[PDB]
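Novice: Next up is a structure, given as structure tokens.
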Amino acid sequence: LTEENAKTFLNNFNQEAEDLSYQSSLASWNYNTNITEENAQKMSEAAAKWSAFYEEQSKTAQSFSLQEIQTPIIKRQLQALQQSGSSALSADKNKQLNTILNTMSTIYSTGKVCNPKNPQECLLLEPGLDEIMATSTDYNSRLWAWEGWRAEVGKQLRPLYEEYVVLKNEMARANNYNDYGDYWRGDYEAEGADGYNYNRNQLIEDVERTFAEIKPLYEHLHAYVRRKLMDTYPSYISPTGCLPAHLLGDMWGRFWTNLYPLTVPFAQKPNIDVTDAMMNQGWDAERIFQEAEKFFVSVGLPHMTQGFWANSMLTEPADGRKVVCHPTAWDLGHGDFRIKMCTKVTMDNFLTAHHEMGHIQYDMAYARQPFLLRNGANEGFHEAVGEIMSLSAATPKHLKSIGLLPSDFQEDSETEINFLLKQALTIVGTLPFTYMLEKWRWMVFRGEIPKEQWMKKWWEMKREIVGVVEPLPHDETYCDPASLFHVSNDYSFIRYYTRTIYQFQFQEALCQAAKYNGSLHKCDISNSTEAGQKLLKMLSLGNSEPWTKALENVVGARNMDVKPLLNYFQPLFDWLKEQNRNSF
Amino acid sequence: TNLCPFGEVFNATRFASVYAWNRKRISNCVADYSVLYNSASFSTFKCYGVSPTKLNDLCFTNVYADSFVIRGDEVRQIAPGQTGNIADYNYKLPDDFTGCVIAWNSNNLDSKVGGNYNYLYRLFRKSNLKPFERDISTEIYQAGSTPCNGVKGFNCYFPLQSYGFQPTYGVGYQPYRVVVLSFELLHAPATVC
Ligand SMILES: *[C@@H]1O[C@H](CO)[C@@H](O[C@@H]2O[C@H](CO)[C@@H](O)[C@H](O)[C@H]2NC(C)=O)[C@H](O)[C@H]1NC(C)=O
Ligand SMILES: *[C@@H]1O[C@H](CO)[C@@H](O)[C@H](O)[C@H]1NC(C)=O
């Protein structure tokens with residue numbers, strides 16, 4: 020009692036966890052720098068030790084029953100440590116259960132797939148050549164080259180998954196909850212006082228009423244793309260059926276390697292050749308990054324550590340000395356705060372740099388709330404922080420006021436359309452996918468009927484939503500969420516959903532307090548301290564205060580608000596709305 | 333003429349811990365303070381109630397030198413009318429005291445690769461420590477689920493933990509080397525000047 024046993028157990032938890040996390044981060048660093056596979060063996064050993072020790076902590080969480088009489092603030096930590104997690108179960112069941120996902124992944128890296136009936140340009144499905152060997156608009160020699168590939172993958176995915184889904188039902192039966200689908204959403208509850216509890220089904224009540232009034236947003240998007248496909252050659256869209264799905268190259272709807280260039284219908288305006296005109300100056304990776312601190316001295320945020328600029332790895336290799344190059348920012352535990360990205364100099368390199376720059380500044384805000392709140396405060400804000408600053412820095416007037424772009428070339432009123440076409444494209448085509456997918460994902464593990472009737476209704480749903488169909492349907496040898504390294508391995512998938520809304524919420528939050536007349540698109544970041552002052556306090560909250568109470572105090576928000584998103588582009592939605600009356 | 337060797341005390345070889353530290357005696361010596369004033373190597377040389385110019389002219393019967401190592405952030409938290417884990421369970425200063433505190437940085441010497449775990453800390457005690465405390469006893473913490481009779485049950489666990497040290501840590505958590513000067517006046521003659 021008197022919160023000494025809990026304090027001491029949690030402090031020992033903090034010490035051991037910091038040591039283990041620092042060891043694991045150091046092992047990751049040594050692995051990605053001096054790979055020898057015994058560093059990876061020690062990685063596995065330390066991870067197994069950490070897991071077993073954490074399971075013992077979960078067992079020792081049976082140390083004090085709670086009931087209701089207490090009203091402390093440490094109750095969040097109490098339930099976090101008492102969380103069952105992967106604990107319990109027989110030592111035989113989960114011991115073979117955890118040996119499934121890794122051995123599933125082995126059939127992917129060892130497989131070799133290249134151009135069929137073409138010994139030339141034959142190479143593995145890797146992004147080095149995939150961009151040009153897959154995302155090319157070809158019709159005759161591409162139709163039958165992917166059915167075989169996606170039937171070869173799905174040869175054993177149905178028989179494996181039909182047992183996998185029922186074998187994971189053991190965690191559903193011993194998770195102290197009732198349904199595996201609701202297990203994920205059962206950890207989002209935020210209560211600090213009466214009237215600020217999160218209702219489990221608040222989403223299904225509020226969002227679904229508002230989804231009806233936004234219908235015309237989607238039907239007319241299809242009328243835009245037909246301005247190009249129907250214009251060139253009269254063999255893409257057959258009148259009997261609907262538009263094809265193979266020539267696009269990516270059914271995931273994330274990147275467009277050929278739609279993006281040929282996007283503006285008029286194509287008379289001059290594009291931007293900034294990189295060609297700036298390569299002569301000498302702006303390399305080290306010469307680039309100074310913009311962040313030049314902004315932040317005007318804002319007031321703390322500078323980076325000596326190790327931050329001592330650990331860059333922005334130099335070219337000598338001869339073919341490749342490494343694992345991916346966007347990865349890590350906390351690395353006890354105040355390390357290191358960024359790792361081996362980047363060259365390109366135009367999109369600017370869009371890269373700020374995006375992971377935001378992560379470390381956001382992390383350097385809640386370091387005073389131990390390891391209890393050093394975790395991610397919210398699943399959506401983590402990427403929103405990285406992307407909001409970047410999109411704001413993407414302002415042409417921002418990039419002109421520094422002294423680089425001549426004032427003779429004044430800004431125009433039609434190029435913002437070209438700027439924002441892809442920005443409004445990439446973050447709009449995913450929301451219906453995710454909303455259908457997550458709810459029906461929680462529906463399908465109930466198993467009312469196996470999966471040989473859902474695909475039939477899938478096509479009817481798609482036709483009544485957008486009207487997409489292929490002339491000769493395939494057989495049942497597929498699984499959409501299976502061939503994905505970020506889905507099959509069971510990560511958080513609403514994290515690719517939430518980031519669209521909160522960025523616009525915070526952009527509106529700044530633009531309503533930026534004291535700017537005229538339009539609402541000319542919001543600029545430089546030379547502003549009040550915004551940073553009001554922002555740092557929100558960053559430095561963590562799991563201490565519910566987001567509901569925080570948003571109430573800031574502006575008033577019981578739930579999500581998308582009408583900022585609607586009204587921030589409705590003055591630009593005239594083109595999508597009124598010019599599209601001659602088609603359905 | 334006949335100066336008191338502060339250098340061997342400061343630039344030592346084997347270093348003191350925070351839970352087993354011992355006093356150092358200064359008697360029959362001469363004071364040389366301009367070196368400290370213009371040392372030019374001082375992380376935090378701040379102290380109130382004494383002025384360095386006239387500190388040369390002051391003489392005291394007994395002088396105790398205290399040196400220890402703590403986390404860089406809490407170097408200024410050691411003061412009268414202060415709190416914290418170190419203040420309440422590891423080391424506390426009398427409020428009436430009016431000496432001076434000096435901070436150094438020893439990353440180039442103290443730290444190493446591998447997280448030197450020799451340095452420790454004493455957290456477990458039933459109460460707060462009286463000022464100027466030194467004990468070798470390790471009295472049983474009165475927390476016996478039922479007996480703590482050397483049995484690992486409830487509230488009975490290992491009380492000693494480490495403090496890792498690598499150069500990769502942040503500046504605020506780098507090990508700072510801190511020395512404490514004790515000043516007091518005794519009726520006995522003051523041969524230290
Ligand atoms: C990474 O650093 C090590 C440190 O010397 C380099 O040499 C390895 O050292 C370990 C430990 O002494 C030996 O067990 C290995 O046999 C050494 N050679 C290796 C791992 O190839 C190592 O060469 C460095 N790695 C790279 C890629 O430069
Ligand atoms: C202590 O630091 C170094 C290491 O011994 C030494 O060279 C220096 O002269 C000393 N500082 C003094 C004597 O003030």
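Sequence order for the protein chains is A and B.
Count along the first sequence from 1, add 19, and you get the number used in the authors' numbering.
Count along the second sequence from 1, add 332, and you get the number used in the authors' numbering.
Beta carbons are placed, not taken as given, at the ideal position from N, Cα and C, and that holds for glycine.
#1: Classify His353(A): buried if its beta carbon has 16 or more other beta carbons within 10 angstroms, exposed otherwise.
#2: Is the segment 314 to 329 of chain A in contact with the segment 457 to 471 of chain B, if contact means three or more CB pairs nearer than 8 Å?
#3: Taking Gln414(B) as the query, report the chain A residues whose CB atoms sit under 7 Å from its CB, ordered along the chain.
#4: Looking at the C-beta of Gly205(A), does it have a partner C-beta in chain B at a distance below 9 Å?
#5: Which residues bound the alpha helix (DSSP H) around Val573(A)?
#6: Indicate, with yes or no, if ligand 2 has a heavy atom lying under 8 Å from the CB of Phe392(B).
#7: Kindly list the residues whose CB is nearer than 6 Å to the CB of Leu440(A), restricted to its own chain and excluding five residues on each side of it in sequence; keep chain order.
#8: So that I know if they touch, is there some Cβ in chain A lying closer than 9 Å to that of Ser443(B)?
#9: Please classify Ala348(A) as buried or exposed, where buried requires at least 16 other C-beta atoms within 10 Å of its C-beta.
#10: So is residue 2(A) in contact with chain B if we call contact Cβ pairs under 9 Å?
#11: Does ligand 3 have even one heavy atom less than 8 Å from the beta-carbon of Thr55(A)?
#12: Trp473(A): which of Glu495(A), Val485(A), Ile484(A) sits nearest, CA to CA?
#13: Who are the neighbours of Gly496(B) on chain A, taking C-beta pairs under 9 Å?
#14: Distance, Cα to Cα, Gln388(A) vs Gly561(A)?
#15: Measure the Cβ-Cβ separation of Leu162(A) and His239(A) and say whether it is below 9 Å.
#16: Taking Cβ-Cβ distances shorter than 9 Å, what residues in chain B pair up with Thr324(A)?
#17: With three or more C-beta pairs closer than 8 Å as the rule, is the segment 289 to 309 of chain A touching the segment 358 to 373 of chain A?
#18: If I follow the unbroken beta strand (DSSP E) through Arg403(B), where does it start and stop?
#19: Buried or exposed for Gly167(A), going by 16 or more other Cβ atoms inside 10 Å?
#20: Alpha carbon to alpha carbon, what distance is there between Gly502(B) and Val445(B)?
#21: Is the beta carbon of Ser375(B) closer than 9 Å to that of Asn437(B)?
#22: Among residues of its own chain, excluding the 5 on either side of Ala36(A), which ones have a beta-carbon nearer than 6 Å to its beta-carbon?
#23: Restricting to Cα atoms, I'd like to know which of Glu181(A), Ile446(A), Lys476(A) is closest to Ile484(A).
#24: What are the boundary residues of the alpha helix (DSSP H) that includes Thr52(A)?
#25: Which class does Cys261(A) belong to by DSSP, given the choice of helix, strand or coil?
#26: In the DSSP assignment, the alpha helix (DSSP H) including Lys136(A) goes from what residue to what residue?
#27: DSSP beta-bridge partners for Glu516(B)?
#28: Apart from the five residues just before and just after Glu181(A), which ones in its own chain have a Cβ nearer than 8 Å to its Cβ?
#29: Please give the ranges of any alpha helix (DSSP H) in the segment 448 to 514 of chain A, keeping only runs that are unbroken, at least 4 residues long and fully inside the region.
#30: Does DSSP put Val503(B) in a helix, in a strand, or in coil?
#31: Mind pulling the beta strand (DSSP E) runs of 3 or more residues that sit fully within the segment 417 to 452 of chain B?
#32: Let's test the definition: count the other Cβ atoms within 10 Å of the Cβ of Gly260(A) and tell me whether it reaches 16, buried, or not, exposed.
#33: Buried or exposed: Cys432(B), going by 16 or more other Cβ atoms within 10 Å of its Cβ?
#34: Given a cut-off of 9 Å on the beta-carbon distance, is the pair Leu387(B) and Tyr365(B) in contact?
#35: With a threshold of 8 Å, establish whether the CB of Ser366(B) neighbours any heavy atom of ligand 2.
#36: Quick one: is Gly405(A) buried, meaning 16 or more other Cβ sit within 10 Å of its Cβ, or exposed?
Specialist: The short version:
#1: The residue is buried, with at least 16 neighbouring Cβ atoms inside 10 Å.
#2: no
#3: Proximity of chain A to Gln414(B) at the Cβ level (cut-off 7 Å) is not reached, the minimal Cβ distance being about 18 Å.
#4: no
#5: Counting along the chain, the alpha helix (DSSP H) containing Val573(A) begins and ends at 566 to 573.
#6: Checking every heavy atom of ligand 2 against the Cβ of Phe392(B), none is found closer than 8 Å.
#7: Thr282
#8: False, the Cβ-Cβ gap to chain A never drops below 9 Å.
#9: buried
#10: Nothing can be reported for residue 2(A), as the shown portion of chain A is limited to 20 through 603.
#11: As far as ligands go, the structure on display features ligand 1 and ligand 2 and does not contain ligand 3.
#12: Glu495(A)
#13: Per Cβ cutoff of 9 Å: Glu37, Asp38, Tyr41, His353.
#14: 8 Å
#15: Against a cut-off of 9 Å, the Cβ pair of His239(A) and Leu162(A) comes out as no contact.
#16: In chain order: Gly502, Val503.
#17: yes
#18: Bounds of the beta strand (DSSP E) holding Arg403(B) are 394 to 403.
#19: exposed
#20: 14 Å
#21: Yes.
#22: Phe390
#23: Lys476(A)
#24: 24 to 52
#25: In this structure, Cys261(A) counts as coil in the three-state DSSP scheme.
#26: It is not in any alpha helix (DSSP H) - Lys136(A) carries neither H nor E in the DSSP assignment.
#27: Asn394(B)
#28: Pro469, listed in sequence order.
#29: 450 to 463, 473 to 484
#30: DSSP places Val503(B) within a helical segment (H, G or I) once states are collapsed to three.
#31: 432 to 437
#32: exposed
#33: buried
#34: Yes, these two residues count as a Cβ contact at 9 Å.
#35: For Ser366(B), the shortest separation between its Cβ and any heavy atom of ligand 2 does not lie below 8 Å.
#36: buried
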